[PDB]
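Single chain ahead, by itself, as structure tokens, in the form deposited in one PDB entry.
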């Protein structure tokens, strides 16, 4: 089963799932960086403007809904949502599973007013599930219908299909060459060891090694503030409140950036990481890379998000506890 994804500005990739009976539609990001499922709730006060601008789950319109009520707070690197737990049937690309999910009643305008998606479907491990709720993928695995204990991500470059997630395998039409796998530094987190990061001809970063969280829910590639400051000075990039920019006319000639993963160098060109919207020396162009200090136990760690995934098709293998990469097509 595959879910078609929409690509919003190269920063938000989301697909649709249906919840309840009849099905209530929601746009959601499939996030390997988290393990809970949640969507805005009809019980979310309208004083939360984000709830006025998104699809709301209304339990009182679903006959398959099962009440629970346990409070839960989900905090991401760029924001937090709070609400309570509920159960209902969820449809994900043809597959139907009874799932426990969060009904969000507190959804801060910043950043959710800037969210094209409604909610999130965590593709992480139960170990990181808040409230210890069984993740949706584990519930699908329990059904014994998927040919493989794996799911795959394809994120296209902007245009005008925005992307695609395959549950139970990979789609050969979206990658070439063969996968190369890196075992997880531990079960319960889609994090792998990274042997180094090079900018131009000089492995000036992550010498001695570091961690790499492969996060489908992260828009960019991130590193600790320290690491990023060093990466950016090398790029001649200037820091702003939320990001790093470079004079657009300089964009095209910025050096490659490679990530040493499992004995293979994964390289991105400036075209892969700079939002080239002009060539004017008078304008600033943002880079799809920035600081993000991920707290323990996960971090300190780098995060390989959409910027990385656009170039490398990614397969998350639950059975063998590893991640595989292949050149996206």
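Take the two forms, find the largest set of C-alpha atoms that superpose within 1.5 Å, and that set is the rigid core. Positions refer to the first chain, counted from 1.
Although not depicted, the form deposited in another entry is the subject of the following passage.
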Pick out the one residue among 224, 91, 77, 139 whose C-alpha shifts by 2 Å or more between this form and the one not shown, once the rigid core is superposed. 77
Aligned on the rigid core, do the two forms place the Cα of residue 321 2 Å or more apart, comparing between this form and the one not shown? no
Residue shift check between this form and the one not shown, rigid core fit, residue 267 Cα at least 2 Å: no
Displaced residue check between this form and the one not shown: residue 10, CA, 2 Å or over, core reference: yes
Distance change of 3 Å or more between the C-alpha atoms of residue 76 and residue 38 in the other entry: closer or farther compared with this structure? farther
Note whether the distance between the C-alpha atoms of residue 7 and residue 169 decreases (closer) or increases (farther) in the other entry, against the displayed form; the change is 3 Å or more. farther
